[PDB]
């Protein structure tokens, strides 16, 4: 099941970007590890925005929102300018608009959130006490192997949510498409005074329908482009002939 993969080459790629990281790939029930810091795969980190996928699933499942709802921008200056507008849950997914995902979390509220997170068994399922930021600062944590298992199940409509809800959240996640290969996923990035953890978790849907899921997890620095996660993921996917 969980093993290291054939690759001297991906190890290099990560050293060549001057980072410590791992790339977990899950096809059917086989999980391979690649990178220059494999032990990260079993290390817990905060999911940061990658949690937006689970938030949306819980929110939609319990009818706290719907895919047509327009979340209103009330006019205050926000941490990013691209967030400064009315938007749907789907458009928030793509922009990683935290304030939408915080409104939604509050609608959900703490008891349902923690019943649902324990029900799903996400990470260490620890939400503790603040409903509106537990995925960004802790206590909630998850490993890269757990994430890839989560997105694999989302990809395959195997999570314990309605089928329509799963399909609606999948449809929010399309990043890129070319040669008939689709790539779905979600970035994440948390700025803790310790290290900074960067995520990119999602999947490839190949032309014949086959799903190959991935969870990139690396140490970020403020000097890196945000681009670097996608660049390293796409190089590695090509090298493994997944795309």
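Residue numbers count along the first chain shown, from 1.
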message = Using only C-alpha atoms and the B-factors in the entry, which stretch averages higher, 231-239 or 5-13?
response = 5-13
query = For the stretches 125-133 and 85-93, which has the higher mean C-alpha B-factor as given in the deposited record?
reply = 125-133
message = Quiz for you: based on the deposited Cα B-factor, which of 60, 48, 193, 211 is highest?
response = 193
remark   = From 55, 32, 217, 42, the top C-alpha temperature factor is at 42
message = How does the C-alpha B factor of residue 65 compare with the rest of the chain: lowest, middle or highest third?
response = middle
request  = Divide the modelled residues of the chain into thirds by Cα B-factor and specify which third, lowest, middle or highest, holds residue 117.
outcome  = middle
note = For residue 140, the third of its chain by CA B-factor is the highest
ask   = What third of its chain's C-alpha B-factors does residue 102 belong to: lowest, middle or highest?
value = middle
note = For residue 207, the third of its chain by CA B-factor is the lowest
